[PDB]
Amino acid sequence: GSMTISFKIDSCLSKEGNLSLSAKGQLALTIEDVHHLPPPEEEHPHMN
Amino acid sequence: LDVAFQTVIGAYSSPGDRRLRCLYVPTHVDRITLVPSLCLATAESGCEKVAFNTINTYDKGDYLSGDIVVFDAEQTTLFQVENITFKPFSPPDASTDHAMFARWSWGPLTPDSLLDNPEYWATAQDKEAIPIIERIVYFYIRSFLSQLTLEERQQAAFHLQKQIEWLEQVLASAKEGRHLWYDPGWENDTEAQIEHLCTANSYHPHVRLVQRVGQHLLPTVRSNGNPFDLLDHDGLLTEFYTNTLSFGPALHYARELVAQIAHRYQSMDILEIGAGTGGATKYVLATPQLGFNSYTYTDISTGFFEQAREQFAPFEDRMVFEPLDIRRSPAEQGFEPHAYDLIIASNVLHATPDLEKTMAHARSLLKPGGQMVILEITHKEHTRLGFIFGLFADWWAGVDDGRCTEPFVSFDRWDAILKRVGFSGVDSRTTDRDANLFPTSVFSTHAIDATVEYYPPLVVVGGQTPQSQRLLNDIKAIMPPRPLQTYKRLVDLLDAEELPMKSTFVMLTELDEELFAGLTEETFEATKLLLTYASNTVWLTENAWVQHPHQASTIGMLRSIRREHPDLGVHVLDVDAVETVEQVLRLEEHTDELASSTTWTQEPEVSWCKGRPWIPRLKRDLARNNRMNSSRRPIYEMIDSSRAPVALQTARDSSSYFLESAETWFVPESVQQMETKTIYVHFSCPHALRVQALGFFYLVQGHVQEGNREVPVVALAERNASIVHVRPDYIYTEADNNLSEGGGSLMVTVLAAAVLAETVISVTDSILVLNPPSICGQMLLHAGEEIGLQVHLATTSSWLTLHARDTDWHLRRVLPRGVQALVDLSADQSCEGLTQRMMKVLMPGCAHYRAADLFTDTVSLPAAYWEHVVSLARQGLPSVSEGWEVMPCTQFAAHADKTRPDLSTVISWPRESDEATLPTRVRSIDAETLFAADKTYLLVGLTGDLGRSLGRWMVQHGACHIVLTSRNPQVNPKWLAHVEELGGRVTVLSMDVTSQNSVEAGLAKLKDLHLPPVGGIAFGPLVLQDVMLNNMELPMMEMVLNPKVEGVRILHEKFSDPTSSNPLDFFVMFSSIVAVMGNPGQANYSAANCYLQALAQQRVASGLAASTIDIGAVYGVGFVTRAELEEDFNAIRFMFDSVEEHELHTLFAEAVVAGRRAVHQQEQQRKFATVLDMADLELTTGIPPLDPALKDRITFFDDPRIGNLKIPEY
Amino acid sequence: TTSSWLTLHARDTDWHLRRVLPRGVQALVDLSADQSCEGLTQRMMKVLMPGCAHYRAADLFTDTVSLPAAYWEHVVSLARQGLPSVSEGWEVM
Ligand SMILES: NC(=O)c1ccc[n+]([C@@H]2O[C@H](COP(=O)([O-])OP(=O)(O)OC[C@H]3O[C@@H](n4cnc5c(N)ncnc54)[C@H](OP(=O)(O)O)[C@@H]3O)[C@@H](O)[C@H]2O)c1
C-alpha cells in the first residue's frame, strides 16, 4: 500500500541556458486499488 | 498552498513590525502531507475557504521553519506541513540588521582641557627611548644647538650655509650633523648604539629612522635627493608616526579629543587636513560609534586618497575625498565656506609657511563655533628629534615666520596666532609635563564668533532647601544684569500675581520638594502655568536618576515638554552633589541662545557628575545589537576565549563547526547544580561522548582556579567551550602528568567511549566493535578484559581486518558467531552498508549501536566512573604520543566536518588573550537558559498579549514559575495549561499594584499557592492618557503615574533588602522610548517611565538587581495591538521603531542580563554612584535609523541626544 | 497509539511530538506492526532524549529463528493480571 517516488522539478529560465534544478524531494503515496492526518491543534487561543 | 506558507511568516511576523527584514523563500520542506480526497472534496464543495493553524517552529531569523495544518470546516485536515524552511532570497547582510538597541553613552559636555590619560603617558621605556639618544648628544648640546639648526636647513639653506651644495662639504657637514650627537666619543659606534635601541620596543621606529636617514642624508643634504624617500617607499616614517610611544600617545590623545567632541557635537561635518596615508585618520576615526555626518578626507596631494578609499571603506558612506592646499583659500578649491563642524590638522600646519593664513582658511571652512583639532610640533627640544625632522622638503618651509622651520609654536603662541586668525584660543591641550609629546601635542579650539555670552526676563523658582538657598544666592550674584523674579515654591509661582510670558525659568524646586512628590497641591496646575509663561527654562535636580526618582519623573515630564512645546527651551541639570556652581547660569544663557545654524548645540539635558558636566547620547549598543542579530545571521565579534566562554558549536544543519559565544549571562542556579566548577579548558574532545546513558558530554581538560592554583583537571563538559561550568561529579581533579597535555584528554575520551560501550550493553557475553580508533581498540579490549566481556575488534583500514563493501557471505565466514551486540564506531559512513550486512549475519536481534549513539555534536555521576575510566586509560597511555591529533580550535572550526567526525581528535584551546582573542560567532542573548526553576518571576501588569508572550518565552528559557499580575487579569486557564506544557507553572495574581494592600495580598497569596520566592519582577503596568499638559488634568497624571510610580515604589519597598535570602535576580521596569526622548501628548507617560528608570538606577546603586527597557512601538503585542494602533505608529515609524514580540523578549532578556551583570560588578566594587555609570542598565530601544530626509516629520531630530542614530544626508 | 494511551497519529509533526511526548523517556519501543508509523518513530528520535534507546517491532517480533523458570513464572503472573481484557478467541485463525 505504498509508493515512494523521487521527484525533481528541473527548471530553465531561458532557452540560452542549460536545464537546472528548481526543486527536488520524495513522494510517499498511501494508495488503494481504486482522518488520515492528525486533527489540528485547538485553534490557538489568543491571537491578535 | 502559498498562502498557507505565508501563514508561517504571519506567525513569524505581525503586520507593521518588520520582523521579516529579508525575503525568505521556501527552500526546504521537511514533510508536506496532503489528503487528496479531502482537498478535492473541498474544492468541489464550493466553500473554497478552509481553516488553518501554523507554528513558526524556528524563528531566530537565519531561516524560518514552520509547520502548517490546513483543515476543513468540520476540522478534518486537508493537508499539513512540517518544518517548511523559508531561507532568505539572499543571505542577510548588516544592512538588514535591527539597530533598535541603544545605550546612553555618557560623555563630557566639553572636551577635557588637558588630555592626561595615564595609559598615553610617555612610558618608562619611551622615557628611556628618547633620553638614550639624548645621552648620545647631551654632552655638548648647548654648543650643538645652532649647528643643529643649520643641519635642519638641508631643504632651504644648509647647502649654502657651508657651501654644502658641493659633495666634499656634503661628506663633511652631513657627518658633522650626525656627530652633533655622535661627537662625545660615540662617533660611528652610535650606529651600533642606535641598533641597541632598534632591537626592542618604545624606540624602534624613531631611532631606526635616525639610522636609516643619517646613513643616507648625504645626497639629501645637498638638496639633491628626497629627504625621506632615501628609504624606499617610506619604510618607517609611517611607522614613526603610528607606533612610536612619543608620537603615538599624542595620536591617542587626538582620538580621545575627537571622540569627546563628536560625542558632544554629533553629526559633525569633519574635514581632516594632513591625513596623508590616514594614520591620524585611522586613530581618530577608529573611535567606536562617533558622530560623523560627513568626513572630508583631505590632503595637499590626492595620491593618498586611493589608499584612504581602501582603508576607510566602512566610512565611505559618510566619507568623501577632496584635496585641500592649506596654503590656498578653500573656497577657491570647491569647499563650501563655513560648512564644516570640525577640522583636524594632522601634523601638517608645519608644512606650510602661511600658518596664520592656513588657520584663517580653516576658520573660513568651519561653521561658527566649529572645533579645530591640531596635532603639530610645539616646544622644541633639540636633544630628541633633530635627525629626521631636519630633512623634510617642506617642514622648514616656514622659517619665514621667524624661527627655525615652521616654528615649534608653543601652546601660548599657538593660542595667540589661533586667536588672531579668528578662533576661541587653546581650549584643550595634551599633557606635556615632561617630554616626548612636544612634537605632536594636540590642541582643541573653537571657531569663535558672536558665540556664547559667558535679556529676556528671568524667574527663579525654588531655593527652599539650604543648598537650594545657597544656589539661589549664587544665581543672583553670578547672573548678569537681568530682570529678576523669585519664588520660594512652584505653588507660590501659581500664586504669583504677574509673570512674564517670555520668561526664562531657573527651577530649583526639584532640589526642594519635588513636583511629582506633591502634585496633589496644585503643583501640576502650577507646572501648566510655568509652561504657559515660559519661553526658556532650566530645572536643577539633585542626583535625580540615582537618588531622587521624583526629580527624574520631573525630568521625563520636561523631556516630553521639550517635544510638545518646541518653542519652549527645556533644560535639566542633574547634580550628583549640589554642594559641588556657576554652570546653571551658563546653561540658562545657553537656552537664551538659539543658534540653530552653528555647531554649538542646545544641550537639552546635562548632568553634573564628579565636578564636571556631562551629556547622554544614544549610541547603538553594538554588543547587544550583535547578540540580537546573531539569531538571524553569523555575527562575529572579537572575543577572548581564554577568559570568555567560547563554545566550538556545530552548525544547526551540522554543516560544520564554528566558534560562538558561550556566555551563560549569569544564571544564578548553582545550588541544586551545587558547586559548579569553572574549568578553563586547554584541550577538549570535539565530539560529545555518551556516558552510561546519562547523556552526551564533551571530554575536556584544563585548569581550575583553586586559591589561584591552576590545577589541571579532566571533566565531562556539556558545551565544548574554552570555559565550562560543570558539576564536580563530572570532574577528575587529579593533576596527573601521565594524562599529558592533549594526549591525556584523548585517552580519557577513548575510555569514556569504551566504558559506554561496555556498560550500555552489559547483557551480553560477546560483542563486536567495528572500525574503532586504534587507541579505542586497545582500550576496548582492556575494558572487555576487566568487565569479562569478549570484545572483538573489526577494522576497515588482533583487529579483524575487514573491508568496506565486503559480502555478507564473507562476514559470515569471518565474523564470530558468539557476538550479541554490534558497536559501529566507524566515523566514515562508508562502512554503514557493511554494518547493515552484519545485522544480517550476526545473531538475530543483535544489539546495534552506531557512532552517533556514542559520539555526537549536540548535547542541548559516580566517582567510580571516572576512576575506572582513568584506570583503564592508564593501561594504554604509552600507545601514542601526547600530541597525536592536536589541532587548534580555530583550525578545527575552519577545516572540521560534522559528517566526517575525527574521533580521538583533540582541540587545543588557546590560553593567552592574544592567542585566544578571535572572531567568535556571537550568540543570541536568549539562546541559553536565563532563569532559575526555583524562583517566581512576577510580571506586573503583564497579563496582556505582551506579558503572556514574555511569560511563555521565560518558561521556554528556564522560568518554571511565573506570576502575571493585573487589576483585571483576563487570561484563559487553558493558556496556563499551554505554558505548563512548556515546563513552567504560570498563574495570574489579580494584583492591583497601585495599592500597598493589594500588593501585599498578592505576595501573600504567592506563599498561599506555595510558589517559590520572587526572584525577579517584570514591571510593565500601563495606563495611557494622550493629552497635552496644558489640557491635561492632575487626575490623569495620577492615573498614569500611580500604576507605574506607586507600583515600583511598593515593589521596591517590598524587595529593597539586599541581605534577604531571595534577592531579585532582576527588576525590569518596562519604560517607553518616549521616556528617553519624550513624545507630544505623553509627558505623563514619559514622567512615569522616567520614575521607573530612576528607581532602577537607584536600586542598582543600592546593591539590588534592576534595569529598564525603553521600548519602542510593540506591534506584535501590547496596547498598540489590542487597540489596533499599528497604522498610527507606522505613520510615525521614523520616530519610533517597531519592537517585535520576540525582539521585545530579547530586549527584556538583555535587561535582565544587564541587571545581573551590574550586581556582579557591584560584587566587583562598581558603585554606580552617578548617572554616567548606569547606561548599561537602561536599554534604549525603538529608535530607528533617523533619516535626515524625514527630519521635518521627526519631532526630535533636532535633539542631540539621538545624534549618533542619524543616517547619511548626501 | 496511532489508532491511558497517548493517542498520537501517524505523520505527526516533530513539534507536536515535543509538545506531547514526555521528556523523561530514555528508550523507545516501536511495536507498530504497520510500517507507516516508521517515519513518526524517526521523528521521535529527534524529539526524545539524545541517544535514546530504540527498539523496533523487528527487534521484538520476527518470522525467522534459524531459561530460568522464574521467567515464565513472571510471564504468567503478569498475564494473570490482565487475562479478562479479551475473550479466548480474540484473533484465532
Ligand atoms: N510605545 C511604547 O513605548 C510601548 C509599547 C508597548 C509596551 N510598552 C511597555 O511595556 C509595558 C506593557 O505595555 P502593554 O502594551 O502590554 O500595555 P497593557 O496592555 O495595557 O498592559 C498593562 C496592564 O497592566 C494593568 N495594570 C496592572 N496593575 C495596574 C494598576 N495598578 N493600575 C492600572 N493598570 C494596571 C493594566 O490594566 P489591567 O489590569 O486591567 O489589565 C494594563 O492592562 C508597558 O508598561 C510599557 O512600559 C511600551
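Residues numbered from 1 in each chain as written, not as in the entry; some residues may be left out. Chains lettered and ligands numbered in written order. Part of a larger assembly, values for the part shown. Heavy atoms only, no water. Residues with missing side-chain atoms left out of burial classes, pairs and counts.

Looking at the method and resolution fields of the entry, one finds cryo-EM and 2.91 Å.

Per the PDB entry, chain C goes by the name Lovastatin nonaketide synthase, polyketide synthase component and belongs to Aspergillus terreus.

Looking at the PDB entry, chain A carries the name Lovastatin nonaketide synthase, polyketide synthase component, with the source organism given as Aspergillus terreus.

Structural notes on a nonpolar patch on the surface
On the surface, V29, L31, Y55, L60 and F61 of chain C cluster together into a nonpolar patch covering about 490 Å² of accessible area. Tracing the backbone through its elements, the reader meets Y55 of chain C in strand 2 (residues 53–55). (Patch = residues over 30% accessible without salt bridge, like charges linked within 9 Å, V, L, I, M, F, W, Y side chains within 5 Å. Areas by Shrake-Rupley, 256 points an atom, 1.4 Å probe, with all protein chains shown as cover. Salt bridge = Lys/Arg side-chain N within 4 Å of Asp/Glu carboxyl O. Helix = DSSP H or I, 4+ residues; strand = E, 2+ residues; numbered from the N terminus.)

A look at a negative patch on the surface
Residue and element names in this part refer to chain B. A contiguous patch of negative charge, built from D495, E497, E521 and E522, is present on the exposed surface. By secondary structure assignment, the location of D495 is in the loop between helix 18 (490–494) and strand 16 (503–507). Taking the relative accessible area as the measure of exposure, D495 reaches 54% and is therefore exposed. (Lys, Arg positive; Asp, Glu negative; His and termini not counted. Charge placed at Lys NZ, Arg CZ, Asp CG, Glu CD. Buried < 20%, exposed > 50% of the residue type's maximum accessible area, 1.4 Å probe, protein only.)

Digging into the sheet that holds strand 12 (residues 428–430) of chain B
Residue and element names in this part refer to chain B. The eight strands lie next to each other as 6-12-13-11-10-7-8-9, forming an open sheet whose pairing is mixed. Both outer strands of the open sheet, strand 6 (114–115) and strand 9 (319–321), are each paired with one neighbouring strand and no more. Pairing geometry for strand 10 (residues 340–346) and strand 11 (residues 366–375), over six bridges, is parallel. Bridged to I344 within strand 11 is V373. Seen against the sheet, helix 14 (residues 355–365) touches strand 7 (268–273), strand 10 and strand 11 and runs at an angle of roughly 135° to strand 11. (Pairing = 2+ DSSP bridges. Contact = heavy atoms within 4.5 Å. Axes fitted to C-alpha atoms, helices over the stretch in contact; angles between N-to-C directions.)

Overview of unusual backbone geometry
Residues and elements named next belong to chain B. In this model, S654 sits at a positive phi of 60°, which is unusual for a non-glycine residue. Tracing the sequence through the fold places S654 in the loop between strand 22 (646–650) and strand 23 (657–661). Using a relative accessible area of 17% as the deciding quantity, one classes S654 as buried. Phi is positive for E675, which is not a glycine, with a value near 55°. Structurally, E675 is set in the loop between strand 23 and strand 24 (677–691).

Regarding the interface of chain B and chain A
On the chain A side, the residues contacting the 20 residues of chain B number eleven residues. Roughly 1200 Å² is buried in total at the junction of chain B and chain A, and carbon and sulfur atoms are behind 62% of that figure. On inspection of chain B and its partner chain A, the count reaches zero salt bridges. Elements supplying a minimum of two residues to the side of chain B that touches chain A: strand 3 (64–71), strand 4 (77–88), helix 31 (945–956), helix 32 (973–981) and helix 37 (1119–1122) of chain B. Top element by residues in the side of chain B that touches chain A is strand 4 of chain B. It accounts for four residues. Residue classes in the side of chain B that touches chain A are distributed as seven nonpolar, nine polar and four charged. (Buried area = accessible area lost by both parts, 1.4 Å probe. Nonpolar A, V, L, I, M, F, W, Y, C, P; charged D, E, K, R; others polar.)

Some details on the sheet that holds strand 43 (residues 1107–1111) of chain B
Residues and elements named next belong to chain B. Spatial strand order, 40-39-38-41-42-43-46: seven strands in an open sheet with parallel pairing. Only two strands of the sheet have a single neighbouring strand rather than two, namely strand 40 (985–988) and strand 46 (1178–1180). Neighbouring strand axes in the sheet, compared pairwise and without regard to direction, differ in orientation by 15° on average. Sheet topology note: the strand 43/strand 46 ladder contains three bridges and is parallel. Counterpart to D1110 in the pairing with strand 46 is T1180. Running over the sheet, helix 36 (residues 1083–1101) touches strand 41 (1014–1019), strand 42 (1066–1072), strand 43 and strand 46 and is turned about 155° from strand 42.

Some words on the interface of chain C and chain A
If you look at the interface, chain C gives seven residues, while chain A gives six residues. Regarding the contact of chain C and chain A, the summed buried area is about 450 Å², with carbon and sulfur atoms giving 47% of it. In this structure, the connection of chain C to chain A is made through one salt bridge. Salt-bridge contacts for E41 of chain A lead to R19 of chain C; the nearest nitrogen and oxygen are separated by 3.1 Å. The interface formed by chain C and chain A contains three residue pairs in polar contact. (Polar contact = N/O pair within 3.5 Å; in protein donor to acceptor, adjacent residues only side chain to side chain.)

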